[PDB]
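What follows is each chain in one-letter form.
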Amino acid sequence: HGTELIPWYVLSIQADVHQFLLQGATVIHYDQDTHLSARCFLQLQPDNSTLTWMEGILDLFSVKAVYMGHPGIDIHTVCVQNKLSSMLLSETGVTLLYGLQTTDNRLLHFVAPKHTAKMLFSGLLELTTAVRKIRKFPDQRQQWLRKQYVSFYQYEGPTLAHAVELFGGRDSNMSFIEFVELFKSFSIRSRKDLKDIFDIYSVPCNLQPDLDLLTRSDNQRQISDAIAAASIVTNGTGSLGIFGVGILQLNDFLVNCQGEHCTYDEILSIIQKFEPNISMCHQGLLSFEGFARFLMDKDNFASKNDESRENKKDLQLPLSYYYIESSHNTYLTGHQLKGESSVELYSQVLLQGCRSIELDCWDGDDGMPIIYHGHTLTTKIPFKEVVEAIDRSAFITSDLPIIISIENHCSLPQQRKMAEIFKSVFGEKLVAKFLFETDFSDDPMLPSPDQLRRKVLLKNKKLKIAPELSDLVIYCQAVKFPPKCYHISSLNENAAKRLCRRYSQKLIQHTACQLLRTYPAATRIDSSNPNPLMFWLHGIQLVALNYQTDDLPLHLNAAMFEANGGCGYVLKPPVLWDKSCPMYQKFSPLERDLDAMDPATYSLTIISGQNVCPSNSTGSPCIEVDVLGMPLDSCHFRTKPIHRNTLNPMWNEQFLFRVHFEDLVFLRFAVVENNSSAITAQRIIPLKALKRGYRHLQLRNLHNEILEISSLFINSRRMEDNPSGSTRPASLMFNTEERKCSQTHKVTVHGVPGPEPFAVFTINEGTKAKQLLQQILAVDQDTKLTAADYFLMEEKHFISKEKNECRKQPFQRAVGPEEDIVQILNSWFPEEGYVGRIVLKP
Amino acid sequence: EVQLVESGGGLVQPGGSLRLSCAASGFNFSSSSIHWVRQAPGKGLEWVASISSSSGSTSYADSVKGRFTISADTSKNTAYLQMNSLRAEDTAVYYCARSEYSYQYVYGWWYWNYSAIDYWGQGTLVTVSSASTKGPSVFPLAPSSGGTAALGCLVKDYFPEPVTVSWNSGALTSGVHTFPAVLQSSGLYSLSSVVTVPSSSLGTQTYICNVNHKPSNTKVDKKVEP
Amino acid sequence: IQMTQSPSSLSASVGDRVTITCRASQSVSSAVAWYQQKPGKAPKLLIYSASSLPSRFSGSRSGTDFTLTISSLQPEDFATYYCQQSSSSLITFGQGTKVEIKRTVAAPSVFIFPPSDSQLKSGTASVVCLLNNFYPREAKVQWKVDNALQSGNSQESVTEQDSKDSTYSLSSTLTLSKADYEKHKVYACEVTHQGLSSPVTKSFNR
Ligand SMILES: [Ca+2]
């Protein structure tokens, strides 16, 4: 009944287990809604997409985690219900937590015989891992295609008439693969900008699995292209002499525009994959369709984070440096005074990566403390339930320590209940006492997060409240802000704001030896979150927020942590804490005068987007770029409103803006329908992770869900003006010298001896021609002595889109023996019909 | 200012391989198409190949695909037409010439056509003989029994070209009709040198043709008398 | 693809008009030129597309016909002319045409020379039949031995048009074995030319 909504090449399920899931098993479904259970035969439908029972249905993709021995289920009640001998709860019942939204937590659990339980658990665990990996993919167009086809199938396959409208064009059953190809013909033959970019370099001629990448038979190709031409209207690119790109034109493109430097074999490999027409591949070329595919590939999207992973080499510094994701009033779902409080939501915080949470403990109604917003209509919850629901899902994603903040409104005997509950549920996980030798020294410093992997910490008051609870707190003492390392304070929004305004340097230095959290203000009753950037600048680590509001600050917080895998410990800028920095303690972001610093220029070029009005065919898209950051660099922009186009708007406008602090800025690209002012897509991204040269940008909807089809084609260029005589660049002022040394460059040198026309060289910043030349010739000892008749010559050719204009001659210039290469490389601007190359000639 | 030096032609037996290079300068080779066009003697012109240099795309004719291999070296600004298993009809002159393209883009993408063959090289000759170098044999043409007499000395069975013939060591030049040489079926060339003189001058004046076939270092003088 | 270069050759007086027809099998848009080559040198260009540069040369087209026009003929214009197009990448040439000067009709002078003794010593016999200073160049030479027509065993060489008297010369040789030569008595070559009312034949014995 169609394809696999989870493709086979994604799973890792062994044949026996997958076959068992498909065949099914004998299980007892447990209902907690009405305290009922029944005997049912579970199954996994043909497509790895559902779990039917009989009568019912559940969609797997909505799953978020699976648990064994979930205390929510009463084992004894089940045993009595179906008269089965005592069954070990810890290993006889498994749980599903499926929800459509970021708040819904509706469970599904079964209790089955021993091995049946083992099979179902070990199966749905891998299915859940598959789903979690799928939702983290950079490119997901194929997934969208699968969903669309399957949905259209119900009970007939999509018709060409409908497939046309689906992609936005004006009764034969269509195969899925054919369907797929059709989409390709709307992702290449509907990008005029792509062709106009291609005709600047063309000359005349004639992690994620690879298979998933949509664009990575001949007769069908042509029919699909022809049908694409008829349907499209504008910017459409509808046998004689046709151009192409060689192993040298592409190398020019990469050395000059993008910035990538690829050696020969690498570039040949890169050309091998993309070319659709097999005929043109052998000659060593890349036909227009080939260029289109090369640009839209998953190795070309804007950010550096979409394919990131933990950098274990930076999490080894003390705990007082890294930022830390956090939440506020974890249990809450709605207002601060009228709403519910769902325990299961405590997982949404930890699963998404957060490493901090709050406990509003209150005296129990029967001796067991409960959690409720103080003196309101908010419902209550069992404290032990929450404590356990944290433990089970504490370390699914990350393996780095998490800190729980404790608020006490309980009685001392009932606080001892909490003490014992923690000592039981967590046991050794909870840090009990001092751990490391460095702690027992005259100058203690916080241990690094890695040394405490999968641990847990408690923030609360510490005695110099019952002694039992207090003795559990060693590293996070809550002493009201006036050894010092363990004293962590908490400040209300406004208090911290005024502290910053009245004091920059002192507060910042304070953040260099302790933690200091922050939470929204009391006046909020609908949870309008604060813009944390004012706080992040000075070094406030734990900026707690509310995880149920679809608003800008939340997306800012989310994007801030995509880096370093998502483990939520991103090193703070070295300027604040690295003593070796030349601006250490002398940088107050609340200031507005930086005469001793050189701002760097950025040229952003919003070329054109594609399909940036989801479910809105007719409209007037505009793009709002906005540089959130320090008070001195805030600036927004825009482009002209397009008319009745959403498949491929072409604004093609350039914003030039200078910025001062590279490390800590963010961009907020946002579609805006320019007739209702209702943002219909957006995408944030830090400015230290935007790849230069032409790139692609993947958008999102308001909820921060990923939209696949919508995308913006942009070009960024980072220009740094020469540090002429007196002042060092801001980039050099803010950081140390270690980064520049570690930031070595590639240089593509032509004419290197050998068969290959060009041979990359890796060179540091302080590299001149002489050593570079030695690198050209140091390979071989055959030469008796260094012959000076090998001089680099900064060659530069001339061509622009108007091929048929002049075809001027190539400029040339001797290379100064004492000239820095890095400046030469940074001095090439492919804007005037320019492509630099550095060639060795005698 | 454009210079196209083509070298490497010559003789080779059937089935041999050979290559003709064509050095260039002045015009940027990296942005210009190079060619080879040949001409069997006493015949029209024949296009060989077309190599677009940086692009790499190549296009041979429909008569010698294969045995002719075309390559280029933009770095050295040279070309290389590699010929394999040479056959008899390879015996001809080989000419190397650049050209240019006139883009003619239309409602769509861009297109390119060869426009103008605006240069040619000096010229090189390739021959295929299945044989070796040989000098001729000199034969007088005694005139048949005022009046003008026609006499000559016949040069035959030599290879390769050319041969230099003069009358009376260059003393007599008037009336000399040196017919173009003809290739003999055996594989040797042959030519005739004649001069018409008054019948009265017969006998009293001695007529000698000075023939020199440098390829074999042959220099012969033959006297023609009744 | 195909090319044409009609007419193949011509002769004209200095200062006149020269027109050359080069028709293609199919329309090839406007890719046609006119290259000139004096013998013994690499050819040269005259025209790309229609005309464009030589002061009296031009090129115009009609349907599938490409024409070269010389407004006033000049003496040095003696050379060969080629037309060549380019469909996509296929360099095709015309048949090539030759231009020369024209004069009156001149009859050849027929001389027959039998093989010499030294040649006969080697077992080969070459019979030389000579035609000198004739116009037009076209001429027919028929070899008969004992009234038996000889064909396929002779080779002929023709000189270029004489620069001064604008006539032509032809050298003809007949090759036969020594035994064959001694088996026959009458050797003769019959020459037919426009300047001759009837063919003229010269013969020798032995
Ligand atoms: Ca609180």
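Residues numbered from 1 in each chain as written, not as in the entry; some residues may be left out. Chains lettered and ligands numbered in written order. Heavy atoms only, no water.

- Structure determination for this entry, per the PDB record, employed cryo-EM and reached 3.9 Å resolution.

- The PDB entry lists chain C under the name Antigen-binding fragment light chain, with Homo sapiens as the source organism.
- What the PDB record gives as the title of this entry is "Cryo-EM structure of phospholipase Cepsilon PH-COOH in complex with an antigen-binding fragment (composite structure)".

- Per the PDB entry, chain B is named Antigen-binding fragment heavy chain, and its organism is Homo sapiens.

1. Observations concerning the sheet that holds strand 1 (residues 9-11) of chain C
Strands in a sheet are paired, the pairing made by backbone hydrogen bonds, and the direction either parallel or antiparallel.
All names here are of chain C.
Here is step 1 of the chain: With mixed pairing, five strands are arranged side by side in an open sheet as 1-10-7-3-4. Two strands lie at the open edges of the sheet, namely strand 1 and strand 4 (44-48), each paired on one side alone. In this sheet, neighbouring strand axes are inclined to one another by 20° on average, regardless of whether the strands run parallel or antiparallel.
Here is step 2 of the chain: Relative to strand 10 (residues 97-100), strand 1 runs parallel, the two sharing three bridges. Looking at strand 10, one finds that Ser11 is bridged to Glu100. (Pairing = 2+ DSSP bridges. Helix = DSSP H or I, 4+ residues; strand = E, 2+ residues; numbered from the N terminus. Axes fitted to C-alpha atoms, helices over the stretch in contact; angles between N-to-C directions.)

2. A short note on the state of the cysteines
Residue and element names in this part refer to chain B.
Here is step 1 of the chain: What the rule picks out here adds up to four disulfides over all chains.
Here is step 2 of the chain: One disulfide bridge connects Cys22 with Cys96, the sulfur atoms lying 2.0 Å from each other. Taking the torsion about the S-S bond as the criterion, the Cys22 to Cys96 disulfide, at about -75°, is left-handed. Taken as a pair, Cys22 in strand 2 (residues 18-24) and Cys96 in the loop between strand 7 (92-95) and strand 8 (98-99) lie far apart in primary sequence, 74 residues in all. (Disulfide = S-S within 2.5 Å.)

3. Focus: the pairing of strand 4 of chain C
Residues and elements named next belong to chain C.
Here is step 1 of the chain: As judged from the four bridges shared by strand 3 (residues 33-37) and strand 4, these two strands associate in the antiparallel manner. Opposite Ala33, over in strand 4, you have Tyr48 as the bridge partner.
Here is step 2 of the chain: Joining the antiparallel neighbours strand 3 and strand 4 is a turn of six residues, in which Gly40 adopts a positive phi near 85°.

4. Quick notes on the coordination of the calcium ion
Here is step 1 of the chain: Here the calcium ion is held by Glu407(A) (OE) and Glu407(A) (OE), and the distances to it run 2.2 to 3.0 Å.
Here is step 2 of the chain: Residue placement: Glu407(A) occurs in strand 11 (residues 402-409). (Donors = N, O, S within 2.8 Å, 3.2 Å for Na, K, Ca; no water.)

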